[PDB]
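Just below is one structure, and these are the notes that go with it.
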Amino acid sequence: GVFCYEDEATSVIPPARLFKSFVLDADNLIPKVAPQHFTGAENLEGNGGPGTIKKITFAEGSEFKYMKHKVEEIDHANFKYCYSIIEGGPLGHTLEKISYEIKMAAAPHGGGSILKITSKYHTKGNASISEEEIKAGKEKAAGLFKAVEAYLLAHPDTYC
């Protein structure tokens, strides 16, 4: 089924403004810091909210990426977001999805916010990914999530 990893971070900004940087743009938000990983994603179907479908595609100076995307929920009373890659191209023969779940909370005394990002790899049962590979796949996203946060730490007036 799944293998699941977390990171925890903070923002200076109160949680709801960060929540919209994922709930809109999570698939584009790595590309906001580093478009070499994707030319982000374009919305194929749905009004932008829960259950919206995207295509994640290309890269800066290259055609590489081609993945289906779905929004899986918005839990806005809890400030938790779910979205997936539905597989596509390189990963797709051994993987069934990548799914991510993103949480914002207030900082318990910080006045800004706590950020959680959780990555889930979903597998094909007879073709399942190794644990060392799943740590490396999570780490490539995690350095980029640290990098967009590092841009926000250089520009605290911008919600990413």
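Here, A, B, ... name the chains of the structure tokens in the order displayed, residue numbers run from 1 inside each chain, and ligands are numbered from 1 in the same displayed order.
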
Range 40-109 of chain A: residues DSSP assigns to helix (DSSP H, G or I), reported as a PyMOL selection string = chain A and resi 89-93

Might you pull out every residue within 12 Å of range 56-69 of chain A, with only C-alpha atoms counted and same-chain residues fewer than 5 positions away left off, and present them as a PyMOL selection string?
-> chain A and resi 25-46+51+82-92+96-100

Selected residues written out with N, CA and C atoms, as a CSV table (one decimal), in the first residue's frame:
```csv
chain,number,residue,atom,x,y,z
A,25,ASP,N,-1.5,26.1,-5.3
A,25,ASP,CA,-0.2,26.1,-6.1
A,25,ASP,C,0.8,24.9,-5.8
A,26,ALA,N,0.5,24.0,-4.9
A,26,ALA,CA,1.5,23.0,-4.4
A,26,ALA,C,2.3,22.3,-5.5
A,27,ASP,N,1.7,21.9,-6.6
A,27,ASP,CA,2.3,21.3,-7.8
A,27,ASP,C,3.2,22.3,-8.6
A,28,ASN,N,2.8,23.6,-8.5
A,28,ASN,CA,3.7,24.7,-9.0
A,28,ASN,C,4.7,25.2,-8.0
A,29,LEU,N,4.5,25.0,-6.7
A,29,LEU,CA,5.3,25.6,-5.6
A,29,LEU,C,6.8,25.2,-5.6
A,30,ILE,N,7.1,24.0,-5.8
A,30,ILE,CA,8.5,23.6,-6.2
A,30,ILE,C,9.0,24.4,-7.4
A,31,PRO,N,8.3,24.4,-8.5
A,31,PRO,CA,8.7,25.3,-9.7
A,31,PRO,C,8.8,26.8,-9.4
A,32,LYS,N,8.1,27.3,-8.3
A,32,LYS,CA,8.3,28.7,-7.9
A,32,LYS,C,9.7,29.0,-7.4
A,33,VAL,N,10.4,28.0,-6.7
A,33,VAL,CA,11.8,28.1,-6.3
A,33,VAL,C,12.7,27.5,-7.4
A,34,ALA,N,12.3,26.5,-8.1
A,34,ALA,CA,13.2,25.7,-9.0
A,34,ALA,C,12.4,25.0,-10.2
A,35,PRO,N,12.1,25.8,-11.3
A,35,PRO,CA,11.3,25.2,-12.4
A,35,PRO,C,12.1,24.1,-13.2
A,36,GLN,N,13.3,23.8,-12.9
A,36,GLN,CA,14.0,22.7,-13.4
A,36,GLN,C,13.4,21.4,-13.0
A,37,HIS,N,12.6,21.3,-11.9
A,37,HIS,CA,11.9,20.1,-11.5
A,37,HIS,C,10.6,19.8,-12.3
A,38,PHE,N,9.9,20.8,-12.8
A,38,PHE,CA,8.7,20.8,-13.6
A,38,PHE,C,8.4,22.2,-14.1
A,39,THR,N,7.7,22.3,-15.2
A,39,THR,CA,7.0,23.6,-15.6
A,39,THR,C,5.7,23.7,-14.9
A,40,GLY,N,5.6,23.3,-13.6
A,40,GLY,CA,4.4,23.1,-12.8
A,40,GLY,C,3.3,22.3,-13.5
A,41,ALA,N,2.1,22.6,-13.1
A,41,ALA,CA,0.9,21.9,-13.6
A,41,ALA,C,-0.2,22.8,-14.1
A,42,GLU,N,-1.0,22.3,-15.1
A,42,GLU,CA,-2.2,23.0,-15.7
A,42,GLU,C,-3.5,22.3,-15.4
A,43,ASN,N,-4.5,23.0,-15.0
A,43,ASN,CA,-5.8,22.4,-14.6
A,43,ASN,C,-6.6,21.9,-15.8
A,44,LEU,N,-6.8,20.6,-15.9
A,44,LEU,CA,-7.6,20.0,-17.0
A,44,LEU,C,-9.1,20.0,-16.7
A,45,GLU,N,-9.5,19.8,-15.5
A,45,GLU,CA,-10.9,19.6,-15.1
A,45,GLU,C,-11.2,20.0,-13.7
A,46,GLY,N,-12.4,20.5,-13.4
A,46,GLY,CA,-12.8,21.0,-12.1
A,46,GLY,C,-12.6,22.5,-11.8
A,51,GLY,N,-11.2,17.8,-5.6
A,51,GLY,CA,-11.4,17.0,-6.7
A,51,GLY,C,-10.9,17.6,-8.1
A,82,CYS,N,-4.9,17.5,0.7
A,82,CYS,CA,-4.3,16.3,0.1
A,82,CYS,C,-4.3,16.5,-1.4
A,83,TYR,N,-3.2,16.2,-2.1
A,83,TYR,CA,-3.1,16.1,-3.5
A,83,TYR,C,-2.2,14.9,-4.0
A,84,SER,N,-2.4,14.4,-5.2
A,84,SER,CA,-1.7,13.2,-5.7
A,84,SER,C,-1.1,13.5,-7.1
A,85,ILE,N,0.1,12.9,-7.4
A,85,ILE,CA,0.4,12.4,-8.7
A,85,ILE,C,-0.3,11.0,-8.9
A,86,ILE,N,-1.0,10.8,-10.0
A,86,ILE,CA,-1.8,9.5,-10.3
A,86,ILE,C,-0.9,8.5,-11.0
A,87,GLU,N,0.4,8.6,-10.8
A,87,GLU,CA,1.5,8.1,-11.7
A,87,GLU,C,1.6,8.8,-13.0
A,88,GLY,N,2.7,8.5,-13.8
A,88,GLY,CA,3.0,9.0,-15.1
A,88,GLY,C,4.5,8.8,-15.4
A,89,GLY,N,4.8,8.3,-16.6
A,89,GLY,CA,6.2,8.2,-17.1
A,89,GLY,C,7.1,7.3,-16.2
A,90,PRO,N,8.2,7.8,-15.8
A,90,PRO,CA,9.3,7.1,-15.2
A,90,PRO,C,8.9,6.2,-14.0
A,91,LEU,N,8.3,6.8,-13.0
A,91,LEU,CA,7.8,6.2,-11.8
A,91,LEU,C,6.7,5.2,-12.0
A,92,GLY,N,5.9,5.3,-13.1
A,92,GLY,CA,4.6,4.7,-13.2
A,92,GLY,C,4.5,3.2,-13.3
A,96,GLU,N,2.0,3.2,-7.9
A,96,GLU,CA,0.6,3.5,-8.3
A,96,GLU,C,0.2,5.0,-8.1
A,97,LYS,N,0.8,5.7,-7.1
A,97,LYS,CA,0.7,7.2,-6.9
A,97,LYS,C,1.9,7.7,-6.2
A,98,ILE,N,2.2,9.0,-6.3
A,98,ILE,CA,2.7,9.7,-5.1
A,98,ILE,C,1.5,10.5,-4.6
A,99,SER,N,1.2,10.5,-3.3
A,99,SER,CA,0.2,11.4,-2.7
A,99,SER,C,0.9,12.2,-1.5
A,100,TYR,N,0.6,13.5,-1.5
A,100,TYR,CA,1.1,14.4,-0.4
A,100,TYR,C,0.0,14.9,0.4
```

Give me the residues within 8 Å of residue 113 in chain A as a list in words, counting only C-alpha atoms and dropping any in the same chain fewer than 5 places off.
-> residues 10, 11, 12, 13, 14, 15, 104, 105, 106 and 107 of chain A

Using 10 Å as the limit and counting only C-alpha atoms, can you tabulate each residue of range 61-124 of chain A that touches range 140-155 of chain A, with its shortest atom-to-atom distance in Å and the two atoms involved, as JSON lines?
```
{"residue": "A:117", "atom": "CA", "partner": "A:145", "partner_atom": "CA", "distance": 8.5}
{"residue": "A:118", "atom": "CA", "partner": "A:142", "partner_atom": "CA", "distance": 9.7}
{"residue": "A:119", "atom": "CA", "partner": "A:141", "partner_atom": "CA", "distance": 8.8}
```

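Rounded to one decimal, CA of residue 73 in chain A and CA of residue 8 in chain A lie 20.5 Å from each other.
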
Where in range 55-103 of chain A does DSSP assign strand (DSSP E), given as a VMD selection string?
-> chain A and resid 55 to 59 62 to 75 80 to 85 95 to 103

Could you save the residues just selected, with N, CA and C atoms, as a short mmCIF file (atom, residue, chain, number, x, y, z; two decimals), in the first residue's frame?
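Below you can see selection-v7.cif, which holds the result:
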```
data_model
loop_
_atom_site.label_atom_id
_atom_site.label_comp_id
_atom_site.auth_asym_id
_atom_site.auth_seq_id
_atom_site.Cartn_x
_atom_site.Cartn_y
_atom_site.Cartn_z
N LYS A 55 -2.56 18.41 -15.16
CA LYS A 55 -1.39 17.73 -15.75
C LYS A 55 -0.12 18.41 -15.24
N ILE A 56 0.77 17.68 -14.56
CA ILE A 56 2.12 18.16 -14.22
C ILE A 56 3.07 17.84 -15.38
N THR A 57 3.85 18.81 -15.87
CA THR A 57 4.46 18.69 -17.20
C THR A 57 5.80 19.42 -17.37
N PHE A 58 6.62 18.91 -18.30
CA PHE A 58 7.87 19.50 -18.79
C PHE A 58 8.87 19.85 -17.67
N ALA A 59 9.84 20.71 -17.96
CA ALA A 59 10.78 21.34 -17.03
C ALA A 59 11.37 22.60 -17.69
N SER A 62 13.46 21.80 -20.85
CA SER A 62 13.31 20.37 -21.20
C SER A 62 11.86 19.88 -21.19
N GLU A 63 11.57 18.78 -21.88
CA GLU A 63 10.24 18.17 -21.94
C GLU A 63 9.96 17.09 -20.87
N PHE A 64 10.90 16.82 -19.94
CA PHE A 64 10.94 15.56 -19.18
C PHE A 64 9.62 15.07 -18.55
N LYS A 65 8.93 15.89 -17.75
CA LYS A 65 7.81 15.42 -16.90
C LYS A 65 6.50 15.27 -17.68
N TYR A 66 5.71 14.27 -17.31
CA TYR A 66 4.34 14.05 -17.80
C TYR A 66 3.59 13.17 -16.79
N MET A 67 2.91 13.79 -15.83
CA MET A 67 2.15 13.09 -14.79
C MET A 67 0.73 13.63 -14.68
N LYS A 68 -0.22 12.73 -14.41
CA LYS A 68 -1.56 13.13 -14.00
C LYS A 68 -1.50 13.62 -12.56
N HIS A 69 -2.25 14.66 -12.24
CA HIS A 69 -2.50 15.17 -10.89
C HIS A 69 -3.98 15.17 -10.52
N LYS A 70 -4.31 14.81 -9.28
CA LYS A 70 -5.62 15.05 -8.66
C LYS A 70 -5.50 15.76 -7.30
N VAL A 71 -6.38 16.72 -7.02
CA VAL A 71 -6.67 17.16 -5.64
C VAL A 71 -7.53 16.10 -4.95
N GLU A 72 -7.11 15.60 -3.79
CA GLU A 72 -7.84 14.51 -3.13
C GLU A 72 -8.80 14.99 -2.05
N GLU A 73 -8.45 15.99 -1.23
CA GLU A 73 -9.39 16.82 -0.47
C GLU A 73 -8.84 18.21 -0.13
N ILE A 74 -9.73 19.12 0.31
CA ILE A 74 -9.34 20.19 1.23
C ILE A 74 -10.13 20.01 2.55
N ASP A 75 -9.43 19.91 3.67
CA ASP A 75 -9.95 19.85 5.05
C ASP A 75 -9.87 21.20 5.78
N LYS A 80 -5.80 21.22 6.42
CA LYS A 80 -5.05 20.11 5.83
C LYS A 80 -5.48 19.92 4.38
N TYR A 81 -4.50 19.72 3.52
CA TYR A 81 -4.64 19.57 2.09
C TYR A 81 -4.19 18.18 1.67
N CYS A 82 -4.88 17.52 0.75
CA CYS A 82 -4.34 16.33 0.10
C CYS A 82 -4.31 16.51 -1.43
N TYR A 83 -3.18 16.21 -2.08
CA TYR A 83 -3.11 16.06 -3.55
C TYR A 83 -2.21 14.90 -3.97
N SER A 84 -2.39 14.37 -5.19
CA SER A 84 -1.65 13.22 -5.72
C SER A 84 -1.08 13.47 -7.11
N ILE A 85 0.07 12.86 -7.39
CA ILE A 85 0.40 12.39 -8.74
C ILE A 85 -0.26 11.01 -8.89
N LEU A 95 5.18 2.31 -9.41
CA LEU A 95 4.40 3.11 -8.45
C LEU A 95 2.93 3.18 -8.85
N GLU A 96 1.97 3.18 -7.91
CA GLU A 96 0.58 3.54 -8.25
C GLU A 96 0.23 5.03 -8.11
N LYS A 97 0.76 5.72 -7.09
CA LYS A 97 0.69 7.19 -6.90
C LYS A 97 1.94 7.70 -6.18
N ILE A 98 2.25 9.00 -6.28
CA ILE A 98 2.72 9.73 -5.09
C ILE A 98 1.51 10.50 -4.56
N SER A 99 1.22 10.47 -3.27
CA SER A 99 0.25 11.39 -2.66
C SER A 99 0.89 12.19 -1.55
N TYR A 100 0.61 13.49 -1.47
CA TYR A 100 1.12 14.39 -0.44
C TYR A 100 -0.04 14.90 0.41
N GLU A 101 0.17 15.04 1.71
CA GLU A 101 -0.77 15.76 2.58
C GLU A 101 -0.05 16.85 3.37
N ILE A 102 -0.55 18.08 3.25
CA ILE A 102 0.09 19.30 3.73
C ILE A 102 -0.78 19.87 4.85
N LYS A 103 -0.21 20.20 6.02
CA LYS A 103 -0.95 20.83 7.12
C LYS A 103 -0.37 22.18 7.53
#
```

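Among the candidates A:121, A:2, A:93, A:77, the residue lying nearest to residue 136 in chain A is A:121 (atoms considered: only C-alpha atoms).
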
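As for CA of residue 114 in chain A and CA of residue 78 in chain A, they are spaced 12.7 Å apart.
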
Using only C-alpha atoms, which residue out of A:138, A:24, A:16, A:9 lies closest to residue 120 in chain A?
-> A:138
